[PDB]
2 protein chains.
Amino acid sequence: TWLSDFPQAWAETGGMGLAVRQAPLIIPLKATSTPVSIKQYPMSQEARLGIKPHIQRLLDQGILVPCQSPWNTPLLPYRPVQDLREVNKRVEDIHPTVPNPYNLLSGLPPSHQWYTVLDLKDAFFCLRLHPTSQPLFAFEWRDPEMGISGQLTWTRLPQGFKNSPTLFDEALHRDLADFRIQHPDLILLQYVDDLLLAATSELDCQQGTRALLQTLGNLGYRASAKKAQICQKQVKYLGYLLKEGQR
Amino acid sequence: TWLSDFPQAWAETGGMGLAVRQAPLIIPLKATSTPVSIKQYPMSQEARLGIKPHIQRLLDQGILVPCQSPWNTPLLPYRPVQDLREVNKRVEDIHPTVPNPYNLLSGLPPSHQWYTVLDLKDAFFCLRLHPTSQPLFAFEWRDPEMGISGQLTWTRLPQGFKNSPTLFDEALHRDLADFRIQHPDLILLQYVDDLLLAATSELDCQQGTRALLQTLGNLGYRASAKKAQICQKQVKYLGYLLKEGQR
DNA sequence: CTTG
DNA sequence: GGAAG
DNA sequence: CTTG
DNA sequence: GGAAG
């Protein structure tokens with residue numbers, strides 16, 4: 001089956017991803033920015049116990065590390081959500097290169113009606129952050145019944161950061177450039193972590209999907225085996241139902 | 001003096017005006033209009049005693065007369081103010097021909113710096129209403145301590161009627177047409193009931209003002225002797241101060 | 001009085 | 001709510 | 001939690 | 001006030 005043939009490509013069997021070909025990202029600040037340190041709002045025990053196993057898993061994975069940083073933004077409550085709005089304001093803008101889904105789907109011709117849809121799991125976390133940029137994203141973590149108060153920060157591209165979708169989309173485009181060159185018959189649409197492969201025949205779509213999964217896993221990305229729509233005539237992609245070249 | 005030389009022209013000495021050359025006005029209705037009868041809101045004794053001497057004076061002058069009309073609009077409280085909004089909605093629109101004061105003053109050249117300013121008193125009441133149009137403006141009048149409940153209406157162009165300023169301005173323009181032809185040296189600005197005469201010299205402005213007062217009184221209009229600004233180098237007209245050709 |  | 005009729 |  | 005981080 002598809003799960004056994006590509007253990008590296010699926011998040012279920014391949015471990016947390018890491019885009020090994022992508023250099024750790026440096027995040028340039030605006031010309032006048034200085035660090036901002038926002039105090040952590042006290043959070044209830046209920047919220048803290050809910051967040052704690054997530055933080056611990058991220059620490060175990062090396063996605064969070066301890067730090068001391070002049071930057072600090074608050075965590076809110078369960079799973080942690082960081083309010084990065086004051087960091088976002090101080091980070092230099094980049095051109096938005098992610099196409100809107102309407103325009104992205106215009107590149108889907110009627111000759112290609114066999115579809116494979118993959119969604120990458122924990123996509124942003126596959127991209128490393130350069131150590132010089134890690135302090136930007138620090139937050140406070142308290143363990144009252146352990147007695148650890150200090151900051152943690154991210155070693156990977158974080159959720160809530162304004163440039164994460166664009167930086168991820170650009171990174172994956174670099175990493176799939178050769179796949180496109182090696183498979184000029186296939187149509188590959190990329191929308192951040194949502195991928196559509198289109199082919200002429202079931203065999204072609206089958207062979208391309210095998211190549212794409214092999215490529216994604218080798219590069220360090222991980223797709224959701226549970227959500228994958230593999231070699232179907234009808235798929236759901238980006239909120240559309242793709243059927244008979246329609247929509 | 002100016003008051004003794006032109007007794008007919010001044011409201012103080014000439015009686016209520018009546019534009020004897022102007023035919024009684026017929027007020028056309030919109031194509032779909034039918035009469036509207038709005039109930040008179042009960043008014044306090046204090047308001048009624050305040051309004052009463054005004055109504056009685058207008059009755060004595062023949063400006064109000066008794067009637068029975070399918071139209072009725074309310075009086076509000078002291079001096080009476082009629083709410084003619086529902087009549088105004090049913091009366092056919094006319095082109096607004098009264099110039100705005102800014103544009104009206106553009107016709108004042110610097111060669112004419114001697115001014116006379118007159119304001120006509122009770123101007124609208126100088127224009128008669130045709131008996132066919134009188135019922136349009138009816139209202140209810142109650143005298144509880146006399147025991148008279150019934151309608152009255154206007155025999156002259158009423159306050160609060162949307163076309164009164166334009167109809168009056170057009171009427172006075174017809175009546176002063178010959179004065180303009182007989183005095184081509186003078187500048188005469190008309191803004192409804194507010195008149196400015198301009199001349200080159202004090203003698204000219206003096207002679208023109210004598211002619212204008214004689215003409216106005218003969219036609220049945222009445223100017224306020226108290227407010228008149230006669231043959232001055234500096235006058236207030238339409239909210240402006242006219243001095244040295246400025247403003 | 002009702003209709004920024 | 002105050003400007004208007 | 002703050003920021004038609 | 002609820003959509004966002």
Side-chain angles (χ1 to χ4, degrees), chain A residues 27 36-51 54-55 58 64 71-91 93 96 124-125 136-142 152-154 156-168 192, chain B residues 27 36-51 54-55 58 64 71-91 93 96 124-125 136-142 152-154 156-168 192:
Chain A
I27 306 303
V36 56
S37 179
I38 301 164
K39 221 157 154 190
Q40 173 64 53
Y41 323 118
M43 77 172 60
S44 70
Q45 181 178 278
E46 169 181 28
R48 185 166 55 260
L49 292 167
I51 290 171
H54 297 286
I55 302 299
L58 292 165
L64 287 177
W71 300 86
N72 196 80
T73 43
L75 229 49
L76 56 138
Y78 275 121
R79 207 166 309 86
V81 173
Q82 190 171 8
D83 182 0
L84 283 171
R85 283 169 312 165
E86 289 299 323
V87 162
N88 284 340
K89 288 186 219 203
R90 289 165 169 80
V91 167
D93 291 321
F124 296 169
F125 287 166
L136 181 59
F137 300 108
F139 59 94
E140 185 173 346
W141 182 243
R142 297 91 149 267
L152 305 173
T153 197
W154 304 91
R156 313 287 182 91
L157 194 60
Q159 300 288 326
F161 171 47
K162 70 169 175 185
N163 289 346
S164 286
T166 297
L167 291 168
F168 181 84
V192 195
Chain B
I27 306 303
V36 56
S37 179
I38 301 164
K39 221 157 154 190
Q40 173 64 53
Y41 323 118
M43 77 172 60
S44 70
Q45 181 178 278
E46 169 181 28
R48 185 166 55 260
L49 292 167
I51 290 171
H54 297 286
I55 302 299
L58 292 165
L64 287 177
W71 300 86
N72 196 80
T73 43
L75 229 49
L76 56 138
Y78 275 121
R79 207 166 309 86
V81 173
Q82 190 171 8
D83 182 0
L84 283 171
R85 283 169 312 165
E86 289 299 323
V87 162
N88 284 340
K89 288 186 219 203
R90 289 165 169 80
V91 167
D93 291 321
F124 296 169
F125 287 166
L136 181 59
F137 300 108
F139 59 94
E140 185 173 346
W141 182 243
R142 297 91 149 267
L152 305 173
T153 197
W154 304 91
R156 313 287 182 91
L157 194 60
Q159 300 288 326
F161 171 47
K162 70 169 175 185
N163 289 346
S164 286
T166 297
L167 291 168
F168 181 84
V192 195

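Protein chains get the first letters and strands the later ones, always in sequence-line order, with residue 1 at the start of each. Side chains included, hydrogens not; waters and symmetry mates left out as well; all remaining heavy atoms used.
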Can E/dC1 and F/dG5 be counted as a Watson-Crick or G-U wobble pair, both distances below 3.5 Å?
yes

note: A/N88, atom CG; E/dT3, atom P; distance rounded to Å ~ 15 Å

Rounded to whole Å, the CD-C1' distance (B/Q159 to D/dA4) equals 14 Å

Expected list for residues 72-82 of chain A near DNA chain D, using heavy atoms below 4.0 Å, is none

When rounded to the nearest 0.5 Å, the distance separating CD of B/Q82 from CG of B/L152 is 10.0 Å

Here the distance between atom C1' of D/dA4 and atom CG of B/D83, to the nearest Å, is 9 Å

Rounded to whole Å, CZ of A/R85 lies from P of E/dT2 at a distance of 10 Å

- Message: Donor-acceptor pair, distance only, cut-off 3.5 Å: does the side chain of A/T73 make one with the backbone of A/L84?
- Response: no

Taken to the nearest whole Å, CD/A/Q40 to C1'/E/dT2 is 12 Å

Rounded to whole Å, OH of A/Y41 lies from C1' of E/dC1 at a distance of 5 Å

- Message: Please determine whether side-chain contact (heavy atoms from CB on, under 4.5 Å) holds for the pair A/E46 and A/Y78, giving the CA-CA distance in whole Å, both sets of side-chain angles, and the decisive distance to 0.1 Å.
- Response: CA-CA 9 Å; A/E46 169 181 28; A/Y78 275 121; 3.6 Å; yes

| field | Backbone of B/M43 reached by a side-chain donor or acceptor of B/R48 within 3.5 Å | value | yes

Taken to the nearest whole Å, CD/A/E140 to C1'/E/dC1 is 14 Å

A/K89 NZ to F/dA4 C1', in whole Å, measures 13 Å

Across all chains, not counting sequence neighbours, the ring pair (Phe, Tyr, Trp, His ring centres under 6.0 Å) partners of B/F161 are B/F137

Item checked: Beyond-backbone contact of B/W71 with B/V36, side-chain heavy atoms, under 4.5 angstrom -> yes

